[PDB]
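Structure 1 and structure 2 below are the same protein chain in two forms, each given by itself as structure tokens.
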Structure 1
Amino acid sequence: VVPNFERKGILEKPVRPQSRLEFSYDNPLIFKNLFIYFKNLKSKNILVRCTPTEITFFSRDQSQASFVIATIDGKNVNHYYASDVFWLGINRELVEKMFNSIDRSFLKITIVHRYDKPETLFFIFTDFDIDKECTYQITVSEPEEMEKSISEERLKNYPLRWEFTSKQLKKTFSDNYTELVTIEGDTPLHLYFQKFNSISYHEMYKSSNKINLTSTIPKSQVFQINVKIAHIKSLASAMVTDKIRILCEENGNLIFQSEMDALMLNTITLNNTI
């Protein structure tokens, strides 16, 4: 029993007049996978920002080296209404079982937040074989760094970007130091680090199009950064997607970008960590 689900996008009014937030989507596995990623990074509390145009989940990883911004725009889901801008806090372990219980048989997820129950976030999963709606009442808080969202504004245009598959990235970083990323016109991308037993190891990408690399680096100006390999390896081990887009800045800042469906998964790792 697979119904066809209309995609309505942002609505001007909610279906229930008491809803501060109404969300529904026909791919609930994005939420299961989002929360596997949070578990792998050992994020303890997930902060949520709801807005008339999108819902955003935020957390540092446990090491605090990296920050995750997961955004779902309302125009890309089946049903989205949010009255205004508000914030919620969700303890990750509390919702872990629920999100893990989703499988490929769940055809829908609905999330409701009502003015008259400000400490509750309702998650609704419908099974359409027998028409049973299953609801979880997840207690949430309001917590009122800050803006790393600037790093991923439409305009912050990074000079060096490419794409790895989960396989490629985990092969590269297979064997307590840094890895140098260096480029250049003709752009051989160079990656160098020390592998097992202090052996100097070098990868050279001769074809920018096979790894979908783009560069805005001026012809003869060199780009070289030194980033810590332990942070990269942990982000690789934690991936839930098949592909990441890596974006690099001259001061060493790194943005990892994965897309699931309506979900845009951004992981920022700035070079300011001691």
Structure 2
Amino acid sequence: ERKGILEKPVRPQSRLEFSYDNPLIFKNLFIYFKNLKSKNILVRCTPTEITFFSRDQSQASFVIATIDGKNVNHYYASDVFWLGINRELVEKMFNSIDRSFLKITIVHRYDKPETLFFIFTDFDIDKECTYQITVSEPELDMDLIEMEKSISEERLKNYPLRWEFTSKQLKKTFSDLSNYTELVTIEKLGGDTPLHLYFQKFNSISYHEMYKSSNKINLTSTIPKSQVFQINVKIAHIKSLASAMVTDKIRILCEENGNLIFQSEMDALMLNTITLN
């Protein structure tokens, strides 16, 4: 069961000690990172939580994934420190997580600064699988790191349009769009009106997705009644986020200069994706 944040580490050379009984979340998160073509993952460990940061290849999307120490089975970190992980190196490791593993344990030791330990346990046969992954002390992408500030509950006022999609709905919408376009217009008139997602390709195909019941997608709008909100957004990274099916239910927030924020939470994991322009 879940004991949360510990005052002292079970092992003594431990700078980080983490244990969690849903290792499948790491698999799906790293499938997301693969889909974004992230080459290197930035990791911040603090005494209260571990955060994974990355950009997509186009550098336009920012991903921040937080795992809350108080909501995992065991958590200890001595202080604030950073690690760099080559994503390709760990891809197959995280993809190897399946139903046979009921625990993931992560350890980082003072006396082995370039190693990160991942331990998977199969309890049916007392099998323990230990990975020693070479990691580095990373140069910090400060723009990426500070994007976290730009996703506080308080900072989300200038987001006049927001709604929720299930994983299935998000995947469907952006798969359907991606079939024919890289760009989509999001439009909504002020007031009690439908949400429009649409595009036009001259002399071939135009497509229009209209959501007639705001209530059914939990849409909230503060668009002034007489105004039209209309932004044009890129959808590549959204397909990635969708397919990765990491969550359950995804909150989507739009801002008038075209930034799009996707948020989902599921137990200990909080996933944020911010895409600009």
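Basically, rigid core = biggest C-alpha set you can superpose within 1.5 Å across the two forms. Residues are numbered by position in structure 1's sequence, first residue being 1.
Engineer: Quick one: lay the two forms over each other on the core and tell me which of 78, 120, 126, 194 moves its CA by at least 2 angstroms between structure 1 and structure 2.
Structural biologist: The residue that shifts is 194.
Engineer: By the 2 angstroms cut-off, has the C-alpha of residue 14 moved between structure 1 and structure 2 once the rigid core is superposed?
Structural biologist: False for residue 14: its C-alpha shift is below 2 Å.
Engineer: Can we say the CA of residue 218 moves by at least 2 Å between structure 1 and structure 2 when the core is superposed?
Structural biologist: Residue 218 C-alpha, core-superposed: shift of 2 Å or more.
Engineer: Establish whether a shift of 2 Å or more occurs at the C-alpha of residue 109 between structure 1 and structure 2, with the two forms superposed on the rigid core.
Structural biologist: Shift of 2 Å or more: no.
Engineer: Looking at residue 164, what is the CA displacement between structure 1 and structure 2 after core superposition, in angstrom?
Structural biologist: After core superposition, the C-alpha of residue 164 moves 1.6 Å between structure 1 and structure 2.
Engineer: Give me the C-alpha shift of residue 233 between structure 1 and structure 2, core superposed, in Å.
Structural biologist: Between its two positions, the C-alpha of residue 233 lies 5.3 Å apart after core fitting.
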